[PDB]
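Before any comments, here is the structure.
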Amino acid sequence: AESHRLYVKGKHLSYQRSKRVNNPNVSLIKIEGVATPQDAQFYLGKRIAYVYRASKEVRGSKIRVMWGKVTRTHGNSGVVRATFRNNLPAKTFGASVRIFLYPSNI
Amino acid sequence: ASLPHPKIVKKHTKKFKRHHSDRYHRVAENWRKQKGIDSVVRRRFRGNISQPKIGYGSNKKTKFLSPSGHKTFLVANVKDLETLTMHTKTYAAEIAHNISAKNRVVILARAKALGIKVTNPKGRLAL
Amino acid sequence: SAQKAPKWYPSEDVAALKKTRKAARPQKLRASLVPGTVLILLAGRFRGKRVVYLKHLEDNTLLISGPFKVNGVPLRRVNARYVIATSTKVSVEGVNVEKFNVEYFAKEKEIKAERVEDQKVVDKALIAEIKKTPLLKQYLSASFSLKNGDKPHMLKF
Amino acid sequence: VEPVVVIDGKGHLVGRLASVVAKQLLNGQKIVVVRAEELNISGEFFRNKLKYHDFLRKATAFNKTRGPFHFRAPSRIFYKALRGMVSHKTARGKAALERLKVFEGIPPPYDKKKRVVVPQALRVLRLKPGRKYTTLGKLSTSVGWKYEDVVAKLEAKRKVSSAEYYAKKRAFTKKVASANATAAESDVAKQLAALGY
RNA sequence: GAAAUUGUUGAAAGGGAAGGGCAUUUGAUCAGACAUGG
RNA sequence: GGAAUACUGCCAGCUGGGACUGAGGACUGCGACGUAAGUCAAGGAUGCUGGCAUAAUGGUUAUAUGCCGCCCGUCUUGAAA
RNA sequence: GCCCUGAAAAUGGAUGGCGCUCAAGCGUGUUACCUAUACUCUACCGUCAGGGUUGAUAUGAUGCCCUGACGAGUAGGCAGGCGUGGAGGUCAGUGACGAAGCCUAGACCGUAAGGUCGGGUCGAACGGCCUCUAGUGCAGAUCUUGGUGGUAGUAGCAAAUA
RNA sequence: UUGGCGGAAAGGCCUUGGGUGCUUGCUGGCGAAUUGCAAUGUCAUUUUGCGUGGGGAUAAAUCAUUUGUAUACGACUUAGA
Ligand SMILES: [Mg+2]
Ligand SMILES: [Mg+2]
Ligand SMILES: [Mg+2]
Ligand SMILES: [Mg+2]
Ligand SMILES: [Mg+2]
Ligand SMILES: [Mg+2]
Ligand SMILES: [Mg+2]
Ligand SMILES: [Mg+2]
Ligand SMILES: [Mg+2]
Ligand SMILES: [Mg+2]
Ligand SMILES: [Mg+2]
Ligand SMILES: [Mg+2]
Ligand SMILES: [Mg+2]
Ligand SMILES: [Mg+2]
Ligand SMILES: [Mg+2]
Ligand SMILES: [Mg+2]
Ligand SMILES: [Mg+2]
Ligand SMILES: [Mg+2]
Ligand SMILES: [Mg+2]
Ligand SMILES: [Mg+2]
Ligand SMILES: [Mg+2]
Ligand SMILES: [Mg+2]
Ligand SMILES: [Mg+2]
Ligand SMILES: [Mg+2]
Ligand SMILES: [Mg+2]
Ligand SMILES: [Mg+2]
Ligand SMILES: [Mg+2]
Ligand SMILES: [Mg+2]
Ligand SMILES: [Mg+2]
Ligand SMILES: [Mg+2]
Ligand SMILES: [Mg+2]
Ligand SMILES: [Mg+2]
Ligand SMILES: [Mg+2]
Ligand SMILES: [Mg+2]
Ligand SMILES: [Mg+2]
Ligand SMILES: [Mg+2]
Ligand SMILES: [Mg+2]
Ligand SMILES: [Mg+2]
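Chains as they are written, first to last, in my numbering: chain A, 179 to 284; chain B, 191 to 317; chain C, 37 to 193; chain D, 29 to 225.
Printed below as a string of structure tokens:
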């Protein structure tokens with residue numbers, strides 16, 4: 179067990195946006211391994227996490243999480259949309275993100 | 191200590207600060223509607239201060255309610271206070287700023303007695 | 037006065053709620069949750085643990101057993117929605133299981149001797165059935181983790 | 029999927045390769061491009077020599093110092109095509125561009141690490157046969173680059189080394205095959221076979 | 001004993017202005033809650 | 001000669017996944033299923049379980065990040081000029 | 001048809017830029033996908049319209065309640081309100097145990113004009129509600145008076161012998 | 001630890017000899033719960049200050065003064081135990 183991971187690796191690409199206006203309220207996620215919308219249907223509803231470090235300890239922890247779920251497909255190539263409880267920081271475009279296998283219907 | 195009242199929604203919580211009150215000291219922050227002929231604000235170009243309109247008007251059912259649950263009622267003495275007897279789940283008391291330190295112990299007392307809430311105890315409060 | 041007293045005041049009589057119409061119908065599980073089915077847990081304390089499904093219970097949960105002597109997981113509650121239902125199955129014919137219900141797990145530390153003894157009872161039968169098939173016993177002790185190049189939306193399990 | 033992706037930019041088309049790389053960065057994939065001088069550009073050499081000369085003739089009139097900067101090396105030519113496709117004037121832009129390295133020849137840390145190609149930017153794949161094209165390193169000394177021979181020299185030297193490396197490796201994998209054989213046809217073998225392995 | 005304007009102390013930001021809008025990270029700050037057998 | 005299938009359309013045919021919402025607050029209405037007593041998805045959400053205490057969460061503020069935002073006043077067909 | 005010639009202007013530059021050559025070019029066709037303050041469904045504010053209802057029955061009848069539709073705006077019209085000096089009336093209103101005033105990236109209320117409160121500072125007066133009244137609200141007028149900046153420790157302080 | 005090779009930014013690569021832990025190549029004996037049905041979970045590497053125990057090393061630049069190959073002032077160039 180070098181591997182401990184129960185999630186698929188994601189990147190945070192963008193807020194939903196037109197050429198010149200963005201919607202912070204939706205994030206565009208790129209799920210690793212997913213080429214097409216047909217695939218990306220698998221992950222809809224499944225919970226995402228962005229995990230970051232801080233300085234101030236909270237729950238005895240310097241690590242934090244922003245939670246949300248994959249909600250609908252995006253475009254033709256497996257990009258998918260997502261909302262989080264709060265809204266990702268935009269510094270995080272191109273940051274890693276985590277997509278879990280629950281809620282499951284397998 | 192208060193009624194039902196639905197989830198108090200606020201719709202638009204920031205102030206509405208007069209245009210260019212951040213530009214010149216002589217321009218107070220207090221709202222004032224732009225009139226000038228070219229004004230980008232009055233004409234509403236994308237990316238400027240939003241202006242007050244009736245659309246932000248709060249829910250008739252949670253309007254005037256402080257986060258607690260009660261409309262606040264200004265109370266300047268005991269008799270003033272005692273209006274609120276029957277209506278204790280509906281209102282709370284705010285003791286008028288100019289009430290003497292010694293009188294505020296009394297109104298705090300009678301309130302206590304009556305189950306009436308006070309929004310600003312800890313008045314001219316010793317210790 | 038400091039302010040002219042209100043002319044109204046609403047009624048401080050908290051009203052009753054309308055006769056709601058939401059019956060509570062039973063939850064049919066998905067056709068892949070057959071009791072005795074090996075399950076992958078996906079969350080919580082025993083995430084990644086491979087585990088054998090025993091019984092649907094009345095708070096929608098699933099009775100899980102491990103078995104304890106194979107991978108350390110006890111007779112436990114688990115929600116269907118945090119579980120991958122694998123396509124392997126063990127016979128569950130020799131297993132009692134009818135004593136376990138909600139109230140069994142009820143919050144009424146130390147561990148009851150009942151829990152511990154029940155464990156052994158249920159486990160030894162499952163372990164008995166597991167051993168009839170090679171490498172199943174090991175498979176249960178190994179944890180599940182996705183590897184570089186695993187795409188869940190493709191994998192059979 | 030990898031921490032760093034190293035691209036042997038040989039036989040690739042400048043702007044297409046540029047394009048994929050600019051996206052790969054903006055999404056946070058570290059990239060190093062190498063052998064930038066064996067980069068291709070569509071259209072015969074003269075045209076691109078001419079095209080470059082246009083680029084050259086552009087300079088701030090009152091102070092050529094602040095003018096557009098005409099970088100002549102292949103790496104830098106290639107880095108131009110890339111920057112053009114990134115919003116480099118923003119923090120997000122800079123951050124992206126900081127995930128990028130471009131080299132002429134393949135310098136020491138990378139010389140012993142695997143490089144990849146980008147098929148949708150491979151000249152041989154994209155360009156129609158017969159259609160004329162341009163070599164970057166040759167475009168560069170044409171318009172001033174000083175190190176075309178120094179790189180070729182260090183490259184021939186790397187190529188000797190890398191091929192004896194490969195000769196030896198190929199000789200080792202031979203061995204493992206002739207080690208394997210014994211078990212290639214074993215009972216476990218057959219069992220794995222039953223599973224696609 | 002206001003404002004403009006100024007010294008000091010403390011906090012922060014600053015690759016050719018500053019300032020503003022929607023959104024969130026991070027820090028500071030502030031809350032609304034209360035009554036249940038010992 | 002007898003079929004299949006495509007294309008198109010219909011079903012008050014059966015079903016899986018995902019998303020947003022839950023306004024109202026006794027009862028009165030139109031139904032549905034029942035041999036019946038009754039039951040219901042029928043004039044707007046309930047049920048079960050869990051989390052939170054110098055805290056979960058929310059407000060303000062500063063800063064950073066993505067996108068966006070020319071100087072108002074004025075006369076003018078036309079003003080950032 | 002496409003391509004070439006015909007095709008000459010002044011800072012260095014513009015298919016928006018990069019760059020693109022079986023296109024990322026030109027003609028045509030097939031699908032999928034992105035996205036406005038628009039369209040569809042729902043919550044809330046308001047405006048307008050239609051209706052119910054003080055029948056003996058506690059607290060607004062200019063009210064409560066049910067239903068539908070609608071919402072751009074200069075010049076301009078009307079309406080509902082916020083704030084100021086002074087007046088009649090009334091809370092037997094607040095106050096030297098601290099009025100008013102001032103300060104405060106402290107709190108609450110209102111869509112807003114504004115209101116309210118804590119802490120600080122202060123020192124003799126001052127509110128609310130119904131009404132009355134106007135010398136009643138400022139960013140501008142090369143506006144008035146006063147006060148203050150950047151400019152700037154800068155220009156400069158060099159004729160008449162020392 | 002024995003040999004070698006690597007100067008494009010080599011700061012890395014192969015190789016010799018044992019030593020030591022692990023070994024899921026195989027066969028056994030134990031452990032795990034109650035963190036209660038998800039929240040909350042492996043700690044990565046930067047700097048920077050302090051602490052110890054060991055090895056180590058024991059200078060200069062500026063002001064001022066001076067030169068005039070220099071100079072509006074700074075700067076430049078000399079010189080001084
Ligand atoms: Mg989008
Ligand atoms: Mg105009
Ligand atoms: Mg085990
Ligand atoms: Mg090319
Ligand atoms: Mg831009
Ligand atoms: Mg004085
Ligand atoms: Mg409700
Ligand atoms: Mg709190
Ligand atoms: Mg700010
Ligand atoms: Mg702009
Ligand atoms: Mg700008
Ligand atoms: Mg004119
Ligand atoms: Mg104008
Ligand atoms: Mg000409
Ligand atoms: Mg020109
Ligand atoms: Mg044309
Ligand atoms: Mg075309
Ligand atoms: Mg076409
Ligand atoms: Mg809208
Ligand atoms: Mg209008
Ligand atoms: Mg008035
Ligand atoms: Mg008045
Ligand atoms: Mg007057
Ligand atoms: Mg009266
Ligand atoms: Mg006072
Ligand atoms: Mg006096
Ligand atoms: Mg009046
Ligand atoms: Mg006067
Ligand atoms: Mg006047
Ligand atoms: Mg003025
Ligand atoms: Mg002015
Ligand atoms: Mg004006
Ligand atoms: Mg002086
Ligand atoms: Mg001077
Ligand atoms: Mg003079
Ligand atoms: Mg390097
Ligand atoms: Mg979770
Ligand atoms: Mg000289």
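The beta-carbon is built from N, C-alpha and C at its ideal position, and this holds for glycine as well.
Helix, strand or coil at residue i [DSSP, three-state]
i, result
"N293 (chain B)", "helix"
"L222 (chain A)", "coil"
"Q194 (chain A)", "strand"
"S70 (chain D)", "strand"
"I59 (chain D)", "strand"
"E180 (chain A)", "coil"
"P147 (chain D)", "helix"
"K140 (chain D)", "coil"
Limits of the alpha helix (DSSP H) - the one that residue i falls within
i, result
"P102 (chain D)", "102-111"
"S168 (chain D)", "164-170"
"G246 (chain A)", "No alpha helix (DSSP H) contains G246 (chain A), which is instead part of the beta strand (DSSP E) from 241-252."
"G121 (chain D)", "119-125"
"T210 (chain D)", "176-212"
"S177 (chain C)", "172-177"
"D215 (chain D)", "215-221"
Integer-rounded CB distance, given that residue j should sit under 8 Å from residue i
i, j, result
"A64 (chain D)", "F106 (chain D)", "5 Å"
"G188 (chain A)", "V275 (chain A)", "4 Å"
"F262 (chain A)", "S192 (chain A)", "Contact doesn't hold; Cβ gap of about 14 Å is too wide."
"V119 (chain C)", "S196 (chain A)", "Rounded, the Cβ-Cβ distance is 40 Å, inconsistent with contact."
"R294 (chain B)", "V268 (chain B)", "Not a contact, Cβ separation roughly 11 Å."
"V88 (chain C)", "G72 (chain C)", "7 Å"
"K105 (chain C)", "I163 (chain C)", "6 Å"
"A268 (chain A)", "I226 (chain A)", "The pair is not a contact, with the Cβ atoms about 16 Å apart (cut-off 8 Å)."
Where residue i falls, given that 16 or more other Cβ within 10 Å makes a residue buried
i, result
"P103 (chain C)", "buried"
"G246 (chain A)", "buried"
"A67 (chain C)", "exposed"
"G256 (chain A)", "buried"
"residue 289 (chain A)", "Not covered by the structure: residue 289 (chain A). The range shown for chain A is 179 to 284."
"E213 (chain D)", "exposed"
"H287 (chain B)", "exposed"
"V60 (chain D)", "buried"
"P194 (chain B)", "exposed"
"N91 (chain D)", "exposed"
N-terminal and C-terminal residue of the beta strand (DSSP E) that residue i is part of
i, result
"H92 (chain C)", "86-92"
"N76 (chain D)", "Where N76 (chain D) is concerned, there is no enclosing beta strand (DSSP E), although the alpha helix (DSSP H) it sits in stretches over 73-84."
"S274 (chain A)", "274-278"
"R259 (chain A)", "257-262"
"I166 (chain C)", "From DSSP, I166 (chain C) is part of no beta strand (DSSP E) but of the alpha helix (DSSP H) over 149-166."
"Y140 (chain C)", "Careful: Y140 (chain C) lies outside any beta strand (DSSP E), inside the alpha helix (DSSP H) at 138-141."
"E284 (chain B)", "281-285"
"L206 (chain A)", "200-209"
Worksheet item: Do the region 119-129 of chain D and the region 47-61 of chain D meet, that is, are 3 or more Cβ pairs less than 8 Å apart?
Response: yes
Worksheet item: Counting pairs of beta carbons, one from the region 174-182 of chain C and one from the region 57-76 of chain D, are three or more of them closer than 8 Å?
Response: no
Discussion item. Within 8 Å, do at least three Cβ pairs link the region 32-40 of chain D to the region 143-151 of chain D?
Written reply: yes
Worksheet item: Does the region 215-234 of chain B come within contact of the region 148-160 of chain C, defined as at least 3 CB pairs closer than 8 Å?
Response: no
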